[PDB]
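The numbers here are math on the coordinates, done by the rules we state, and not lab data. Cβ placement follows ideal geometry from the backbone for every residue including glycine, while neighbour counts extend to all protein chains displayed.
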Amino acid sequence: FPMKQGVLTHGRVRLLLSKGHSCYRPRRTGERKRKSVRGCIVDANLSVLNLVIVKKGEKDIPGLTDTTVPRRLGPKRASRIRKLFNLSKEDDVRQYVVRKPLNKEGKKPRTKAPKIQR
Amino acid sequence: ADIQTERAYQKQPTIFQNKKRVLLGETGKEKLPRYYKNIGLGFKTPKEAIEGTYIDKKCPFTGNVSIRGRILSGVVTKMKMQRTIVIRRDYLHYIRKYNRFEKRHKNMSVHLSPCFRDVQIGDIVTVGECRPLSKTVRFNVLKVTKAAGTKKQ
Amino acid sequence: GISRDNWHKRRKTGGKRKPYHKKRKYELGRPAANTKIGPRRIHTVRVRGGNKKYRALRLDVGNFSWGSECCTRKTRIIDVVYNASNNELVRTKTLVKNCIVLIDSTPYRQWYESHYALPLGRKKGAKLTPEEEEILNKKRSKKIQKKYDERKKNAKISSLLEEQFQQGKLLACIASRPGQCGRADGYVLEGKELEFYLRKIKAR
Amino acid sequence: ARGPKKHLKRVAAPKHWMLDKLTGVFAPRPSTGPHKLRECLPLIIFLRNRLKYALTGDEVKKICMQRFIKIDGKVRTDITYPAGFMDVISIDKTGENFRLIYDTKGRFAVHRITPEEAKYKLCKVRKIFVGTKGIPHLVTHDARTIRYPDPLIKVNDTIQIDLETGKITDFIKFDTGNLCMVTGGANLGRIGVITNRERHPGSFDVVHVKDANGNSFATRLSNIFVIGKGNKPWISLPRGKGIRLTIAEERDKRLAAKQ
RNA sequence: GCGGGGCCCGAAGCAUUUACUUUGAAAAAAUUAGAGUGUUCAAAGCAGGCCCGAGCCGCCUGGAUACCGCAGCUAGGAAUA
RNA sequence: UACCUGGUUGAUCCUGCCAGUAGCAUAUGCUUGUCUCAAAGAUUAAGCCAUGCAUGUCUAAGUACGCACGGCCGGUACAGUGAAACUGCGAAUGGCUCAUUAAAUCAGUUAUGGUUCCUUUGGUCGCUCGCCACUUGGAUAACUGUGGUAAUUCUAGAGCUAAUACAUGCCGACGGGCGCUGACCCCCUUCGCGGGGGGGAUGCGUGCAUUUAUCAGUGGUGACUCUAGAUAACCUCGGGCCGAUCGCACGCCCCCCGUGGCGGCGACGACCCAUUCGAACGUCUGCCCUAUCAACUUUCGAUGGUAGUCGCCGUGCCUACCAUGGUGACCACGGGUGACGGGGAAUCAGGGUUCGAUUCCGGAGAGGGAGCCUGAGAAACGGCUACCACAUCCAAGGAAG
């Protein structure tokens, strides 16, 4: 039962998770279902706890602070292409979109392009 | 013999009472209009409902009650219960099982408009119907025709 | 969940009744709003039909009406001095639809001297020089002094009303429905009616 | 229960729609529209029971999804739209142009018209009101509204509007001696001139109706639909001619025509 | 209702109100009574009917009609009560 | 077919009742070939249920970056079809049964002028005078990828990814008109005189809707505190409106110039007015058995008056203050009902008598009471949580009803 932002109870309590809190995907509109949850205080009653590193320390962890997987699901809105590239104005933004080479073994290579919005 | 008997200033809403008293409007001459309307199927507005001095939110001539629908008739039997008289309308139900009639009645409470002086025991009263006024009071007194009188010693 | 329909009353004869169905949604719950005086807090509740009513949890100001001279501007709300219905509400400063509320007069003061050219809210003299005398002087021309000095015959008010203009505040009456619509509007006491409600304030 | 209905059982549907007792359990259940669910006749059974251009309910959709049904000039693609009174259909594929008025026996009559008189309709007014900014409005027998009307048109006048344009076309003021058709009650489908509009304060007004053949009957006012000055209809006029025949008057013209 | 002409005929007064009767509206279908129809007859059903000369854009027609008490709405009748 | 016969007696004539008869509607015996329409777990038990299911849904036309399909027909916006997911609409209709329920539901009849109403339509959609506008912003899901769990339509962290989701938000129309104000009009009665105006520089405000109060009497109804217009302001930040949308067949003048100006049919969004669906609620009349149920209600709202409180709207609908009233042998109140109400069914000289749980409409309830979210529509149970009672999985931790 996952840990939840702002419970502050080292233990396991039951709250009524509405559409949008955390830890419960509701199944119809307005459906409030009360499910048990675990408080945000850490304990040794945890089989696993997630962790997010926010600063480099010493060295190259093998496969963790190197091997950047290149971001393939890139910009599609015309202010995410118009946030990265520093294209000024009247630049024909459509030509300069992020693209992808395609490499199924069974088929020939392709390059694929998104749609666009705004 | 005063009108302001309740704790709040009872007034008709529509007529505007606070209008421009300057020294051109001298305080030795005091007057206000008195609001009244006319309903509809031919009833009079009696004398003391136009120039009268009373006040009501539920009189059919000078209150917000717009009376419409049925019009029924009855006999006054009980004249207690302020601004509300109890009329005992009385009919003759027919049963076809014996081909003979049956006396039945169910009395009914109506709103006494306060423009009337003598509404005594035993009076034929015509009464129309309107919106719900209270839990028992729906209907409303229009006009009292003569009964139990024209000559009392 | 508070009901509002008929079946928990006793009927006309005075005999009990047994309800045949659960109470429906259209007898919507009825919490008391308690409009009181502070800053502005306004809450909403969606109702049947999708409409929104602004129930008024706390207020500052209103949009009162002088009426007789057709002067409607804002003013702020000071104090509650009388309420005819329930004697609880006036010692705890709650605004309802017919509570005699006390408000300042200085937004009506700066309209009165702006239009009628009389001293109002000023009583002794020798202090009214900087911008307080020029609200009527202005170096008016011939055609201006003609139209304002004929308005002197339509510029008297009964002495029990502007006596508190000199002293500062007016008691008005709410006519809007706070806790239902979301304002504290209303007319200003005047006439024989001002003679009434000051007398009942006097006798409490 | 908790909300409004969206089915309709068979026998609740009116008896002049003439539905089979045994084909199934349900009715058309027409859509919400300008003509209410009891008076009106929907487009569906008009094609599969009346005109018989179809077989099932599936057949009626796959002519009506291909957009050749023009109720009052407007291309409609739903299957159970409420058609109503003073209606003109338009196939515009092989020239149909029907008009659905009540027959002499109280039913909707398939009635053919030329493609040049199919260019309008007539609308009994039922409420005018001065709208905002100083303009007047009105409303029709169905759910149509008209801005800026001719102010001789008073209450329960019948106006005319022409399709594909929509403006006012003709008006005819309600008065005695003038021809009308009753569109509801025990006398609907019989057509006659007006003796007088007899009035009631408060209650329903009931009028005295004289036919063209001297019969004197009467209905209340909320079914009278005027289509005639003096006696001339402004519309094509069916067989039966708005004259209802008695049970002896029918049987001799029915048993001399199968000879 | 073709400032005072005549062939004018109303808005209305309903001048004790009702009880009773009479006519007219409004009274969901089904069902019961019933009108048409060789489902092969019938309970049923709402359908069916008529000629190829390939013109056969296929013609004509049915799917009626009452019964819906009591209580209200209507215009009458005024003996009896 | 307005119909009777056998029995009290040694007999006769009676009052009486028993039995016979004929239905039609349950069960059951015995028996049974064909053929056409065929009721059916309601009667007691509104008792409990293992299981498998009875509600979802893409249009050319809200979002494709799944390589999952396309010949990537080529040096790049997308040949589209598409699995999933986001959004929009439903899931409040059907369907099951009759436990409640005796002026209740319900049947007419008449209102809502005392009110809300998704969709469909028909109207409104430059009416407002105010330095991103050739389009402004932040995530989130499907997904690459690490998982915990004994377990469920359990789901956490990290990567990024759109909008008709969520916000914001102006250009142009828009030049101004309009009443309010006010240093300049002198041409007029300036002649000690006082005038009567038009012109204004100035500074405010200009709509639909909300709200308060006011003037006045186009269109109004047997009838208005109706609608419409004018005067004076507000305009709720969990804040009302004046389209930052998606396609389809392409065209007009191209003249500041090979760049910007302009057009069609749509498809959705859209406050409000009216309709349509309806719902709510009020009026009048109408119900079974019972007096071994004759007085009932009123601290505790019982009936009415004020004045508010929330409420979609009427009101004891609450509260406070008052009033002392209301209903009754014309059967109230109390109780019983093996009572859901009706359209009907059987029966039939006429009067009636009995049933109608049941396929049509109206109401009630989804184990028993109660409370709510989202929605136009719910006191929803093929939605949620609490309690009661019954009941499942389990590795004993918790899930599921």
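A few points about this structure:
- Against the test of being charged (D, E, K, R), loosely packed, with under 12 Cβ neighbours inside 10 Å and either under 16 Å from the mean Cα position of the chain (by Cα) or within 14 Å of another protein chain (Cβ to nearest Cβ) (or both), the options C:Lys153, C:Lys124 yield a single qualifying residue, C:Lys153.
- Residue in the stretch D:53-66 that is within 7 Å of RNA strand F (Cβ to nearest atom) and in a loop (DSSP other than H, G, I, E, B) present: no
- Which numbered condition B:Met81 misses (of (1) surrounded by 10 or more Cβ atoms within 10 Å (Cβ to Cβ); (2) more than 6 Å from RNA strand F (Cβ to nearest atom); (3) without any contact (Cβ under 8 Å) to a residue 60 or more places away in the chain): (2)
- Positions within the stretch D:38-47 being outside any loop (DSSP other than H, G, I, E, B) and either away from RNA strand E (no atom under 11 Å from the Cβ) or loosely packed, with under 10 Cβ neighbours inside 10 Å (or both), in sequence order: D:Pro42, D:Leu43, D:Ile44, D:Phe46, D:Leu47
- Restricting attention to the stretch A:1-54, the residues that are within 24 Å of the chain's Cα centre (by Cα), basic (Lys, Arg) and outside any loop (DSSP other than H, G, I, E, B) total 1.
- Filtering the stretch B:1-45 to residues that are aliphatic (A, V, I, L, M), over 27 Å from C:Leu161 (Cα atoms) and more than 7 Å from every other protein chain (Cβ to nearest Cβ) leaves B:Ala1, B:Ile39.
- Filter pass, D:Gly24 being within 27 Å of D:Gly242 (Cβ to Cβ) and part of a loop (DSSP other than H, G, I, E, B): no
- Total residues in the stretch C:46-69, condition closer than 16 Å to C:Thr35 by Cα and within 14 Å of chain B (Cβ to nearest Cβ): 0
- The set of residues in the stretch C:21-52 that are more than 30 Å from the chain's Cα centre (by Cα) and either within 16 Å of RNA strand E (Cβ to nearest atom) or touching a residue at least 24 places away in the same chain (Cβ under 8 Å) (or both) contains only C:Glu27.
- The stretch C:70-102, subset free of Cβ contacts under 8 Å to residues at least 12 places away in the same chain and surrounded by 15 or more Cβ atoms within 10 Å (Cβ to Cβ), residue nearest to RNA strand E (Cβ to nearest atom): C:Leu89
- Per-region count, the stretch B:116-146, residues in contact (Cβ under 8 Å) with a residue 60 or more places away in the chain and part of a loop (DSSP other than H, G, I, E, B): 6
- Scanning the stretch D:1-37 for residues being surrounded by 10 or more Cβ atoms within 10 Å (Cβ to Cβ), among the charged types (D, E, K, R) and more than 6 Å from RNA strand F (Cβ to nearest atom) gives a total of 2.
- The set of residues from the stretch A:99-115 being surrounded by 10 or more Cβ atoms within 10 Å (Cβ to Cβ) and either in contact (Cβ under 8 Å) with a residue 60 or more places away in the chain or more than 6 Å from RNA strand F (Cβ to nearest atom) (or both) comprises A:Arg99, A:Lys100.
- Residue check, B:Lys20 touching a helix residue (DSSP H, G or I) at 6+ places or on another chain (Cβ under 9 Å) and either among the aromatic types (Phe, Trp, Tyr) or surrounded by 11 or more Cβ atoms within 10 Å (Cβ to Cβ) (or both): yes
- In the stretch D:193-203, residue surrounded by the most Cβ atoms within 10 Å (Cβ to Cβ) [restricted to those that are away from chain B (no Cβ under 14 Å) and touching an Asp or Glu at 6+ places or on another chain (Cβ under 9 Å)]: D:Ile194
- Scanning the stretch D:217-249 for residues being outside any loop (DSSP other than H, G, I, E, B), touching a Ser or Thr at 6+ places or on another chain (Cβ under 8 Å) and not polar (S, T, N, Q) gives a total of 4.
- One residue stands out among those in the stretch C:1-51 that are polar (S, T, N, Q) and closer than 24 Å to B:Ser134 by Cβ: the one that is surrounded by the fewest Cβ atoms within 10 Å (Cβ to Cβ), which is C:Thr13.
- Any hit, the stretch D:125-135, residues being away from RNA strand E (no atom under 16 Å from the Cβ), crowded, with 19+ Cβ neighbours inside 10 Å and under 15 Å from the mean Cα position of the chain (by Cα): yes
- Selected residue (only one of A:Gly39, A:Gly6 is surrounded by 15 or more Cβ atoms within 10 Å (Cβ to Cβ), away from RNA strand E (no atom under 16 Å from the Cβ), more than 14 Å from chain C (Cβ to nearest Cβ) and in contact (Cβ under 8 Å) with a residue 24 or more places away in the chain): A:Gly39
- Here C:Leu170 meets the list (1) within 12 Å of chain B (Cβ to nearest Cβ); (2) farther than 29 Å from C:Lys53 by Cβ; (3) of a type outside the set (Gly, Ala, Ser); (4) touching a helix residue (DSSP H, G or I) at 6+ places or on another chain (Cβ under 8 Å) almost entirely, failing just condition (1).
- Selection from the stretch D:93-124 of residues that are surrounded by 15 or more Cβ atoms within 10 Å (Cβ to Cβ) and among the acidic types (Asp, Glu): D:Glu96, D:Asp103
- Listed by first and then second residue, the pairs with beta-carbon distance under 8 Å, at least 6 apart or on different chains, first residue in the stretch D:194-220 and within 20 Å of B:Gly40 (Cα to Cα), second more than 16 Å from RNA strand F (Cβ to nearest atom) and assigned to a loop (DSSP other than H, G, I, E, B), are D:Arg197/D:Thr176.
- Subset of the stretch D:154-192 that is assigned to a strand (DSSP E or B) and not aliphatic (A, V, I, L, M) - its residue that is surrounded by the fewest Cβ atoms within 10 Å (Cβ to Cβ): D:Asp170
- Close pairs from the stretch A:16-29: first on the phi > 0 side of the Ramachandran plot, partner among the β-branched types (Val, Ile, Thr), Cβ under 7 Å, at least 6 apart: A:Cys23/A:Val37
- Flag for B:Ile55 being closer than 20 Å to C:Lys12 by Cα and among the β-branched types (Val, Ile, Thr): no
- Yes/no for B:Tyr91 being surrounded by 11 or more Cβ atoms within 10 Å (Cβ to Cβ), away from chain C (no Cβ under 14 Å) and closer than 21 Å to C:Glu195 by Cα: no
- Qualifying residue in the stretch A:63-78 (condition: within 9 Å of RNA strand F (Cβ to nearest atom), more than 14 Å from chain C (Cβ to nearest Cβ), over 18 Å from A:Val7 (Cα atoms) and not in a loop (DSSP other than H, G, I, E, B)): yes
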